[PDB]
């Protein structure tokens, strides 16, 4: 009834385009399907977005507050280290959000440790991969029941 919104940042789109071994066989779609499925099983709405354009997401988020979204679960991808606009969009709207990362952002380049969201997020999950999204949703469904 009250919407959850899952936002995917740049390049998440490329997910799965070179299996066998690089996490071969997993795609941004495979992911959207589970989350959508998990959100359904506990009777809640879930919309997924994706663009390699920062202006496209800032847009979506301005719409999310308008579309009544209650809690955003964002995988800002590379934009989390560079976009304060991605931050002032999620704050300016005042929606709660939980930041999600597939990879352990802390285990990669140091410029990846900085984030423009995690501090205003309810929480942050990184490195649990796809399930990160799942748990993020788990906490979200309860967060406001």
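Residue numbers count along the first chain shown, from 1. C-alpha atoms forming the largest set that superposes within 1.5 Å between two forms make up the rigid core.
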**Request:** Please pick 45-53 or 22-30, whichever has its Cα atoms farther from the shown form in 8 other deposited structures of this protein after a rigid core fit.
**Result:** 22-30
**Request:** Report the stretch with the higher root mean square CA deviation, pooled over structures and residues in 8 other deposited structures of this protein, choosing between 105-113 and 55-63 after a rigid core fit.
**Result:** 105-113
**Complete:** As the entry reports it, the stretch among 64-72 and 96-104 with higher mean C-alpha B factor is 64-72
**Item:** Of 76-84 and 43-51, the one with larger mean CA B-factor
**Value:** 43-51
**Request:** Using the temperature factors in the entry, find which of 123, 24, 129, 9 has the highest value at its Cα atom.
**Result:** 24
**Asked** Going by the entry, which third of its chain does the Cα temperature factor of residue 114 land in?
**Response** middle
**CA B-factor placement of residue 136, once the chain's modelled residues are sorted into thirds** = lowest
